[PDB]
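Chemist: I have a structure I would like to understand better, so I am pasting it below and will then ask my questions one at a time.
FYI the Cβ positions are ideal-geometry reconstructions off the backbone, even for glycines, and counts take in every protein chain you see. No value in this document is a laboratory result; all are computed from the given coordinates.
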Amino acid sequence: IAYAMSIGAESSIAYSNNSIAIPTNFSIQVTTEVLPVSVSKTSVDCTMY
Amino acid sequence: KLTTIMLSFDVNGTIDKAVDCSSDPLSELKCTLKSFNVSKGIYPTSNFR
Ligand SMILES: *[C@@H]1O[C@H](CO)[C@@H](O[C@@H]2O[C@H](CO)[C@@H](O)[C@H](O)[C@H]2NC(C)=O)[C@H](O)[C@H]1NC(C)=O
Ligand SMILES: *[C@@H]1O[C@H](CO)[C@@H](O)[C@H](O)[C@H]1NC(C)=O
């Protein structure tokens, strides 16, 4: 199948010039980030190659 | 006998010192690293023995 990229769901916020919205409840979530540190230490030789 | 050796020379064309890297691991290190003074550490070596 072929389509166009959905950049995201189009949202709208009512900026009403005197109103705020305040959170009344919260949540705690754990996010996982993976970062490489090193690669394999490859040593080549003059003889035998 | 046929042997690989390393020979140094001075400004006068005289031979300073020899290695003969078929006898000692330090000699093989000296022939591998192309030097007569070797810094402290670990070095892979060639197959001159
Ligand atoms: C705020 O939200 C949390 C979860 O986001 C609510 O905690 C849950 O409450 C229900 C009802 O008692 C329990 O069955 C669940 O076990 C609770 N935990 C989770 C992880 O869902 C909490 O009740 C909310 N508080 C208010 C005031 O809305
Ligand atoms: C080379 O020979 C001269 C003598 O003319 C001497 O003074 C000098 O020290 C010699 N150089 C080396 C490296 O032996």
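Chemist: Enumerate the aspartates and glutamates that B:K1 could reach by cross-link, defined here as Cα to Cα under 13 Å, with residues fewer than 8 away along the same chain left out.
Modeler: B:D20
Chemist: Rounded to a whole number of µm²/s, how large is the Stokes-Einstein D of the protein assembly as shown at 25 °C and 0.890 mPa s, given Rh as the Kirkwood radius over C-alpha pairs? Write down the numbers at each step before the final one.
Modeler: Values: Rh = 21.7 Å.
The calculation lands on 113 µm²/s.
Chemist: Using only helices, what value at 222 nm comes out for chain B when you add -39,500 (n - 2.57) per DSSP H run of length 4 or more and divide by the total residues, to the nearest 500 deg cm²/dmol?
Modeler: Values: 1 runs with 8 residues, N = 49.
So the calculated ellipticity at 222 nm is -4500 deg cm²/dmol.
Chemist: Would you mind giving the mean number of other chain beta-carbons within 10 Å of the Cβ of each residue in B:21-28, as a whole number?
Modeler: Per-residue shielding by partner chains comes out at 0.
Chemist: Normalised by the number of residues in chain B, what is the relative contact order in percent for Cα pairs under 8 Å and 6+ residues apart? Show your work: numbers first, answer last.
Modeler: On the way: 57 pairs, mean separation 14.4, N = 49.
Once divided by the residue count of chain B, the mean separation gives 29 percent.
Chemist: Let me ask another. If packing is taken as the average number of other Cβ atoms within 10 Å across a peptide's residues, how do A:28-34, B:32-38, B:19-25 rank, most packed first?
Modeler: B:19-25, B:32-38, A:28-34
Chemist: Mean shadow of chain A, computed from the convex hull of its alpha carbons, in nm²?
Modeler: One quarter of the hull surface, i.e. the mean projection, equals 11.4 nm².
Chemist: Which distance in Å, rounded to a whole number, links the C-alpha centroids of the range B:6-49 and chain A?
Modeler: Here the answer is 54 Å between Cα centres.
Chemist: If you don't mind, there's one more thing I want to ask. Label chain B by shape, choosing from rounded, prolate and oblate, from the square roots a ≥ b ≥ c of the eigenvalues of the Cα gyration tensor; if a/c is under 1.5 it is rounded, and otherwise prolate applies when a/b is larger than b/c, oblate when it is not. Could the numbers behind the result be given before it?
Modeler: Working: a/c = 2.86, a/b = 1.31, b/c = 2.18.
It comes out oblate by the Cα gyration axes.
Chemist: How far, in nm, would the chain grow between A:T31 and A:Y49 when pulled straight, counting 0.36 nm per residue and subtracting the alpha carbon separation?
Modeler: Details: separation 18, 0.36 × 18 = 6.48 nm, distance 4.57 nm.
Here the answer is 1.9 nm.
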